[PDB]
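Here's a structure for you.
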Amino acid sequence: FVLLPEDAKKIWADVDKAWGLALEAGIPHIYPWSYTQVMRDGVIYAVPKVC
Amino acid sequence: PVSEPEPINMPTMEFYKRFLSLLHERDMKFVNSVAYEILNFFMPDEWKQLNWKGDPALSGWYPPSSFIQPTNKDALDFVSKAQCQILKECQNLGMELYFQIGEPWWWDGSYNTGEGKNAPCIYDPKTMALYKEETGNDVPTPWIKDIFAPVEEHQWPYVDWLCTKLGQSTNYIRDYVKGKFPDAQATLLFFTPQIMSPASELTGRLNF
Amino acid sequence: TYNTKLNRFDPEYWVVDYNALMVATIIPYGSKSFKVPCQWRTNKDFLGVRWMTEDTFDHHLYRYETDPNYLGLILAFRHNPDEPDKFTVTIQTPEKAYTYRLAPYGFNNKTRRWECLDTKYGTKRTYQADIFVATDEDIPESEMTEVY
Amino acid sequence: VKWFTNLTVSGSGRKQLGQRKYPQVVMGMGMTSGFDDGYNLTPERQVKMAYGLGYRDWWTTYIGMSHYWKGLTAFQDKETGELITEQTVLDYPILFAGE
């Protein structure tokens, strides 16, 4: 949940960690919370750099 | 309001028709959530929950909102009629039927800031009359007046009865919707922080 | 860099903003048209169908260019005003917000030009044919309001 | 219902704007939204944008508190609960005809 968009980075990093734990557990279906926040903050999914 | 079969207006219905058509073109599934709140300005007065005093529930929004009392049957009929209206248009296309019952609880004063902060909205004349009618007894004296306060032992029977009615309301809604539309798959929304660690004993025994 | 071109005044990219105490939505139905179902409840109801130069409602990978220059452009369309004679457009410049009145235009079979009605107080310009080209289904006659 | 039909842009300047369209590969997640946030945009924009970015197979929508129901407004007298919802025009035209 990302309100007050000046706090996007920390909350989205926490979302990454939570998604990692959920994937480890094995949940079939996972949702980002909202369309509005996702399109406002420009969230994209990419493989991390190797360096 | 109780007489009309369809409680959803035209622009939202056309928007939902085109939305569902688009979601059907690209293979996808739809789950619709209808909650208890209705706008405070347009809500009927008898359905609203009431505080220990006469003031209604309200909420933390610039336009305030009020919550349906679970004991009332007319409001549950309203909600289930809205869900059935949406599921009908979902059914007209070759789409499976799913629905969600969202946000059932007995409102507390925690989220509200001022004007009844931390004040439970239990006491309503109709619910109190129901408590007098069935199981006898009477409503507990010195009303709680504060959620974060010690609770005397003579008040717990009332809280347990309230929790049982809360459990019964969602079951009634599910039974209505599934009776009108078979093959629907009901569900709920469980938010874990209060399930594992409730705000207080009153909340844990009241809303779950 | 931009890799796709978008037509100006595309039916899919309009937005609607309105007061409280009203419900309305936007729905396209053709290559050049859209519909805005409405529900009115009070006097102060006021709705606006807007085309915004700056793209704010799109993801950063789907936004479009912002060119504030509208020079030598003509837009003609059909509508359903409740008061056809008094129809206005709110054009907003950085300095101020202006209001411009739109007057109805009617075809003249003898001269073959779109000449305005409202002779007493109106624009005195006449436009050629081919300004308005109709390819979608027209507005039903029952919904339209009669003027002049 | 308001109709805006046959929008025809003609002239001699800058008829086309540029746009970005970068589809992305699929991920495991699925999209969920709310009605009060998305009543502004056309239903096509949201769906095509969400499908383009890779969200698949699930949607859950929470209908807002404020818009889905019907409603009315009325005056309520303080002395007696009488509701006035309709309006009327009172006027007395008189026609002068002749020479």
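Please treat every number below as a calculation from the coordinates, not as lab data. Note: ideal-geometry Cβ built from the backbone for every residue, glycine included; neighbour counts use all protein chains shown.
This table checks each residue for (1) surrounded by fewer than 16 Cβ atoms within 10 Å (Cβ to Cβ); (2) free of Cβ contacts under 8 Å to residues at least 12 places away in the same chain; (3) farther than 15 Å from D:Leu17 by Cα; (4) more than 7 Å from every other protein chain (Cβ to nearest Cβ).
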| residue | (1), (2), (3), (4) |
| --- | --- |
| C:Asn7 | yes, yes, no, no |
| C:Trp40 | yes, no, yes, yes |
| C:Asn43 | yes, yes, yes, yes |
| C:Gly48 | yes, no, yes, yes |
| C:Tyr100 | yes, no, yes, yes |
| C:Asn109 | yes, yes, yes, yes |
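List pairs: first residue in region C:60-73 and more than 7 Å from chain D (Cβ to nearest Cβ), second residue surrounded by 13 or more Cβ atoms within 10 Å (Cβ to Cβ) anywhere in the structure, Cβ distance under 6 angstrom, at least six positions apart or on different chains.
From residues that are more than 7 Å from chain D (Cβ to nearest Cβ), the pairs are C:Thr66/C:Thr53; C:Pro68/C:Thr53.
Among the residues of region C:14-28 satisfying the criterion of being more than 8 Å from chain B (Cβ to nearest Cβ) and either touching a residue at least 40 places away in the same chain (Cβ under 8 Å) or of a type in the set (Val, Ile, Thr) (or both), which is surrounded by the fewest Cβ atoms within 10 Å (Cβ to Cβ)?
C:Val15
Same structure again: Given the structure, is B:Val159 of a type in the set (A, V, I, L, M) and either assigned to a loop (DSSP other than H, G, I, E, B) or without any contact (Cβ under 8 Å) to a residue 24 or more places away in the chain (or both)?
Judged against the criteria, B:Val159 is not a match.
Does B:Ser33 satisfy the criteria of being in contact (Cβ under 8 Å) with a residue 40 or more places away in the chain and among the small types (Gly, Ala, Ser)?
Yes.
If I filter region B:37-52 down to residues being at the interface with chain D (Cβ under 9 Å from one of its Cβ atoms) and either surrounded by fewer than 20 Cβ atoms within 10 Å (Cβ to Cβ) or of a type outside the set (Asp, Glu) (or both), which single residue comes out as nearest to the chain's Cα centre (by Cα)?
Ranking the qualifying residues of region B:37-52, first place goes to B:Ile38.
Collect the residues in region C:90-111 that are out of contact with any strand residue (DSSP E or B) (no Cβ under 8 Å at 6 or more places or on another chain) and not polar (S, T, N, Q), keeping them in residue-number order.
Correct list: C:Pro94, C:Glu95, C:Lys96, C:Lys110.
For B:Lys165, indicate whether it is surrounded by 13 or more Cβ atoms within 10 Å (Cβ to Cβ), under 24 Å from B:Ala75 (Cβ atoms) and touching a residue at least 40 places away in the same chain (Cβ under 8 Å).
Criteria met by B:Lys165.
For D:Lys70, only one of the following conditions fails: (1) out of contact with any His (no Cβ under 8 Å at 6 or more places or on another chain); (2) over 27 Å from B:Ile8 (Cα atoms). What is its number?
Failed condition: (2).
While we're here: Between B:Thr127, B:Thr135, which is surrounded by fewer than 18 Cβ atoms within 10 Å (Cβ to Cβ) and of a type in the set (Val, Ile, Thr)?
Within the list B:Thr127, B:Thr135, the selection yields B:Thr135.
Give me the pairs: first residue in region C:122-144 and facing chain D (nearest Cβ under 7 Å) and under 21 Å from C:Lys110 (Cα atoms), second residue of a type outside the set (S, T, N, Q) and in a strand (DSSP E or B), beta-carbon distance under 7 Å, and six or more apart or on different chains, which are they?
If the second residue must be of a type outside the set (S, T, N, Q) and in a strand (DSSP E or B), the pairs left are C:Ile131/C:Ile74; C:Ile131/C:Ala76; C:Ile131/C:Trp114; C:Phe132/C:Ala76.
Still on this structure, I have one more. Tell me the strands (runs of 3 or more DSSP E) entirely within region D:1-83 that contain at least 1 residues that are away from chain C (no Cβ under 12 Å) and surrounded by 15 or more Cβ atoms within 10 Å (Cβ to Cβ).
D:31-34, D:59-62
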